[PDB]
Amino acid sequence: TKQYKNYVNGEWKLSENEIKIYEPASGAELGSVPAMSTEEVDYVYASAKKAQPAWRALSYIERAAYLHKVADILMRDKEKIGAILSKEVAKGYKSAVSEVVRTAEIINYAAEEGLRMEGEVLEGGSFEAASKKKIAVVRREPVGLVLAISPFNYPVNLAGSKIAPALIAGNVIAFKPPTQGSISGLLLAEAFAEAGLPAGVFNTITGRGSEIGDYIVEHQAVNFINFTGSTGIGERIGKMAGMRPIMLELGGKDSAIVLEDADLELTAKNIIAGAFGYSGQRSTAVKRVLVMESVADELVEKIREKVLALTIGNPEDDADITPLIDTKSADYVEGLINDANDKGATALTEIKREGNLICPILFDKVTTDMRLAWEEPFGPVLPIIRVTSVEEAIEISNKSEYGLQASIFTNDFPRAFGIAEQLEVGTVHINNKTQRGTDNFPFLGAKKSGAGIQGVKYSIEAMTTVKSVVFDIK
């Protein structure tokens, strides 16, 4: 049980009810996190709004100082946190430690990027002569209270990516980690507690995403909603937000276009690492291959042999393929598998499920009439759709309701660049698997994949507004 507590207004607090967390792989009970009540949610928010003024009052240098202390601590206790996070979400140990490190990176980067964010002075004379002596001194300002909600696959990394950019600007935070990953989320909160930030500046909220979900978003105290999860909730949040600003990173069905002149080995390598990373439980993974027929056979054989080299097993053993987050999920994946299989798809690797451990499947001959060709599995299954023209590949790629990223494997760069302009995605990688790729670059998604632009700098601009003082020079 252990009984983890929330960090609220400078204090750790338990609740009348709890939620027991178990290890997706072994089944062991890791502990229990609070099941907050709306009354409690109200005190978190009240504490934050109360403390916002004086946080804003601090200097950027001082706020950046705290953020650095937090990241330092994270790096210190990276193995401790990694060991648990690994267990809580069935992620390989080493990989789980990496998540803690990349979080420290994002926190530090966000800290330094935040104190170098500047304003602008505008001339009335640029618009009309009569206003030549009129100027506008424009400076940025925080939006207020920011609600951050991280996903199960990156409960820590995708939490700091919201927390740090928000805090450096002068906003206050209310962190709501995923229930499955709430211990890890609270382990992160420990870092913010030790760093010593003023009481009320950083707060956590745990509990039944059903019991308190809509409540926390609809609350009038929240000025900005920063979320990462499924399209379904993202959509609800967009409506519950009203006219309040939001940042949403929803799902994705990232394609990998392979032209006739591509480096099939370089391509097979990138597609495997992208498609099967974390058992396909990544929104930015390569979810479908649109390969030109003439090179389909050769490419597919490479991918096939490469799949046969992926280790399958337990987190503690750093297996490439580990048990999916839960049964509801592994079942869903199983559905997509069958449907494709039934419709004629060709599994080049063995279809087999051990509990919630689904072995990596390579389906060749997948078609547009299969669910696997469009629906986001979030499991180790990769469909290969054979096209006969770059024109068709673009058409099929754009058809998807999603638009996170895309990949183009070719040697003709001017072409790759031209295709890239046509793909309805946020980012196109020319010769490399899709990845968030250094958190300094902008990250965004077209269509149902989200709302808003991410990346340290863009996150900071998003969660800030502008105040403009205009005066006349004598």
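Start at 1 with the first residue shown and count on from there.
Engineer: Taking the recorded C-alpha temperature factors, which stretch has the higher mean, 35-43 or 413-421?
Structural biologist: It is 35-43.
Engineer: According to the deposited model, is the average Cα temperature factor higher in 194-202 or in 126-134?
Structural biologist: Higher mean C-alpha B-factor: 194-202.
Engineer: Quick one: which of 83, 370, 303, 275 shows the highest Cα temperature factor in the PDB entry?
Structural biologist: Checking the PDB record, the top C-alpha B-factor among 83, 370, 303, 275 is at 275.
Engineer: By the entry's C-alpha temperature factors, tell me which of 171, 397, 341, 108 sits highest.
Structural biologist: The C-alpha B-factor peaks, among 171, 397, 341, 108, at 341.
Engineer: Thinking about Cα B factors across the chain, which third does residue 363 belong to?
Structural biologist: It falls in the bottom third of the chain.
Engineer: Going by the recorded CA B-factors, say which third of the chain residue 470 sits in, lowest, middle or highest.
Structural biologist: CA B-factor rank for residue 470: middle third.
Engineer: Could you tell me which third, lowest, middle or highest, the C-alpha B-factor of residue 406 occupies within its chain?
Structural biologist: It belongs to the middle third of the chain when residues are ordered by C-alpha B-factor.
Engineer: Mind checking which third residue 428 falls in for C-alpha B-factor across the chain?
Structural biologist: Its C-alpha B-factor belongs to the highest third of this chain's values.
Engineer: Give the position of residue 55 by CA B-factor within its chain, expressed as the lowest, middle or highest third.
Structural biologist: Tercile = middle for this residue's CA B-factor.
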